């Protein structure tokens, strides 16, 4: 499978100043569970905002930089390279890679953050007209997770 994995707010903001605008441990657990033992593909900027690969899965970074080399990270230089990666691949960000991949993926795991944040990077517009709701699950509010959020699994019609 080729999937998008993204968290976005009510206006499709995904980021501000190289960071996620919200702190939601439930969503990080969701990412962990979904992607462990599989492959994450991400743009160079997204990777550098974290600075370390995520343990226990393949970390793939797309960059034009022929010098790019980080321990625990595989590098690709073209979109076409994504289609050669085996197994379940998750397009993990950011704006640029989402824009390049949204028309190509089989499905999308979206966390909708029911808030309006200041952002400088956005998930591209999409219509439910193109996507079937395979599942929609409300995240639990609590002390450490205080923004309402919904886990959506969307599959291209």
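Residue numbers count along the first chain shown, from 1.
Trainee: Identify the stretch, either 109 to 117 or 66 to 74, whose C-alpha atoms have the larger mean B-factor according to the entry.
Mentor: Per the PDB entry, the higher value belongs to 66 to 74.
Trainee: Higher average CA B factor in the deposited record is what I'm after, so tell me if that's 119 to 127 or 51 to 59.
Mentor: The recorded data point to 51 to 59.
Trainee: If I read the C-alpha B-factors straight from the PDB entry, which of 141, 134, 10, 137 is highest?
Mentor: Highest CA B-factor of the listed options: 141.
Trainee: Can you tell me whether residue 14 has a C-alpha B-factor in the lowest, middle or highest third compared with the other modelled residues of the same chain?
Mentor: It falls in the bottom third of the chain.
Trainee: Which third of the chain holds residue 150 when residues are ordered by C-alpha B factor: lowest, middle or highest?
Mentor: CA B-factor rank for residue 150: lowest third.
Trainee: Classify residue 30 as lowest, middle or highest third according to the C-alpha B-factor given in the PDB entry, relative to its own chain.
Mentor: As the PDB entry reports it, the C-alpha B-factor of residue 30 lands in the middle third of its chain.
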